[PDB]
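Engineer: my complex, first installment, coordinates as in the assembly:
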Amino acid sequence: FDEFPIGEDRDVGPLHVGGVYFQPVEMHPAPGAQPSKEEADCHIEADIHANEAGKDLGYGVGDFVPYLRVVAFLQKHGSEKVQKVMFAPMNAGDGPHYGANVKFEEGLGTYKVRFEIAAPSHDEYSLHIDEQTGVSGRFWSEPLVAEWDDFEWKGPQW
């Protein structure tokens, strides 16, 4: 399946973050309130793996980082409207990622695309912190941001 880049990959805190988009997909079960394959303009995927700093949190470097809460914000240049898109964790043929089928509500054009990545919720994940088996790192409190100021929505490339 052809993947198209959103922009340059980012390294933010303990995460390596990439963004791609491609034709809308059919997901099972259909996640949250996302548009159907027919209603969507495309599928946007956030590829999140631990980088070297991720090692202090106990992640294997280069591995997928689960239990995160990822939200994308889309804002067309010259517009005050901002779309807020909740990403969901899911598997495609090339493994897990956070993604969503999305509509570019203000049409064709240039958009600021921002991914805000929050650490797992308090009751959803833990870290060993004892000396013997523990980690020296901790999760981030303020959400990490990977953003692209000039993404071009030029319509389906399929």
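Structural biologist: Here it is on my side, so go on. Numbers count the residues shown, from 1 in each chain, chains lettered A, B, ... in the order given.
Engineer: Only C-alpha atoms from now on, for both contacts and neighbour counts.
Structural biologist: Noted.
Engineer: Report the contact partners of the residue lying closest to residue A:105 once chain neighbours are set aside.
Structural biologist: Nearest in space to residue A:105, with sequence neighbours left out and distances taken as CA to CA, 6 or more residues apart in numbering, is residue A:83 at 7.7 Å. By CA atoms under 8 Å, 6 or more residues apart in numbering, the residues touching residue A:83 are A:73-75, A:105.
Engineer: Apart from its chain neighbours, what residue comes closest to the residue nearest to the spatial centre of chain A?
Structural biologist: Centroid check for chain A by CA atoms, centre = their mean gives residue A:46 as the closest residue, at 3.0 Å. Distances taken as CA to CA, 6+ apart place residue A:19 nearest to residue A:46, at 4.8 Å, with adjacent residues excluded.
Engineer: what's the answer for residue A:63, then?
Structural biologist: In space, residue A:63 is closest to residue A:49, 5.0 Å off (CA to CA, 6+ apart).
Engineer: Output the contacting helices and strands for whichever helix or strand the one you found is part of.
Structural biologist: According to DSSP states H and E, residue A:49 maps onto strand A:42-50. With contacts defined as 3 or more CA pairs under 8 Å, 6 or more residues apart in numbering; DSSP states H and E, strand A:42-50 has these neighbours: strand A:15-22, strand A:95-102.
Engineer: about what we covered before: run through the residues that contact the residue nearest to residue A:46.
Structural biologist: Counted by CA under 8 Å, 6+ apart, residue A:19 has contacts A:5-7, A:9, A:44-47.
Engineer: any chance of those residues in JSON lines, with distance to residue A:137 too?
Structural biologist: Below are these laid out as JSON lines (distance: CA to CA, whole Å):
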{"residue": "A:5", "distance to residue A:137": "31"}
{"residue": "A:6", "distance to residue A:137": "30"}
{"residue": "A:7", "distance to residue A:137": "29"}
{"residue": "A:9", "distance to residue A:137": "23"}
{"residue": "A:44", "distance to residue A:137": "30"}
{"residue": "A:45", "distance to residue A:137": "27"}
{"residue": "A:46", "distance to residue A:137": "23"}
{"residue": "A:47", "distance to residue A:137": "22"}
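Engineer: following sequence is chain B, place it on the structure:
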Amino acid sequence: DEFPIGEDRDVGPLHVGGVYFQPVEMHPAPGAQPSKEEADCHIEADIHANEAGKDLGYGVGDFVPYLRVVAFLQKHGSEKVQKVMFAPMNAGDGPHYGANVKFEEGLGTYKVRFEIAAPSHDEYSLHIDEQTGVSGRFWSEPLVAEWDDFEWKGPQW
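Structural biologist: The block that follows adds chain B to the chains above:
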């Protein structure tokens, strides 16, 4: 120093290993598990994708997140069953499903059963189109990895 609960099992698309060692301090402290000081040990369920595995879109050896893992402990000679809710967490050696555990029935031989449920309906999805798309589907009833002769003789540390 890690000790096995028994031999690793392959159940459906999962490679499941069970180990135990000294109790640990976790942050946040998960559900109702005993503290490092209160506990007998820490038990870990290591769950990674096997060849079957690939059908769901995982890479062989990848940790499989979003599962709901519970362990049932039953001492040989007793009718009592103790239930242990595992929680997802990272240790210095990576992500695992684990729990600090106090053996309510004490020293002895136990049947140890891990029940592994697929992600909740609203917590994970699969791309199912021909194009992007995976052919396997998550299991309905929990997968089981069981050891019937686990010997708990007290701390080995």
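Engineer: Could you re-examine the contacts of residue A:19 with chain B now present?
Structural biologist: A:5-7, A:9, A:44-47 (CA atoms under 8 Å, 6 or more residues apart in numbering or on different chains).
Engineer: of these, buried ones?
Structural biologist: Buried members of the contacts of residue A:19, scored by 16 or more other CA atoms under 10 Å in any protein chain shown, are A:6-7, A:9, A:44-47.
Engineer: quick revisit: hang on, the residue nearest to the centre of chain A packs against residue A:18?
Structural biologist: Yes. Between residue A:46 and residue A:18 a contact is recorded at 5.8 Å, counting by CA atoms under 8 Å.
Engineer: check whether the helix or strand containing residue A:74 contacts chain B.
Structural biologist: Element membership of residue A:74 [criterion: DSSP H and E] is strand A:69-76. No. Against chain B, strand A:69-76 shows no contacts by CA under 8 Å from any CA of the partner chain, the least distance being 11.5 Å.
Engineer: In CSV, could you pull the C-alpha coordinates for the helix or strand following that strand?
Structural biologist: Using DSSP H and E, the helix or strand that directly follows strand A:69-76 along the chain is strand A:83-86. What follows is strand A:83-86, C-alpha atoms only, in CSV (Å, rounded to 0.1, in the frame of the first residue of the first chain):
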residue,chain,number,x,y,z
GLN,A,83,-9.8,20.2,13.7
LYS,A,84,-9.0,18.0,16.6
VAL,A,85,-8.5,14.3,15.7
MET,A,86,-8.2,11.5,18.2
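Engineer: Strand A:83-86 near chain B anywhere?
Structural biologist: No. On the criterion CA under 8 Å from any CA, strand A:83-86 is out of touch with chain B, staying 12.6 Å away.
Engineer: Identify each buried residue in that strand, please.
Structural biologist: Buried residues in strand A:83-86 (16+ other CA under 10 Å): A:83, A:85-86.
Engineer: Which of these sits closest to chain B?
Structural biologist: Of all the buried residues of strand A:83-86, chain B sits closest to residue A:86, with 12.6 Å by CA to the nearest CA.
Engineer: ok now do the closest one, which residues does it touch?
Structural biologist: Neighbour list for residue A:86: A:70-72, A:100 [criterion: CA under 8 Å, 6+ apart].
Engineer: Can you classify the residue sitting furthest away from the middle of chain A by secondary structure?
Structural biologist: Computed with CA atoms, centre = their mean, the maximum C-alpha offset from the centroid of chain A is found at residue A:132, amounting to 33.4 Å. The three-state assignment at residue A:132 reads coil, by DSSP: H, G, I helix; E, B strand; the rest coil.
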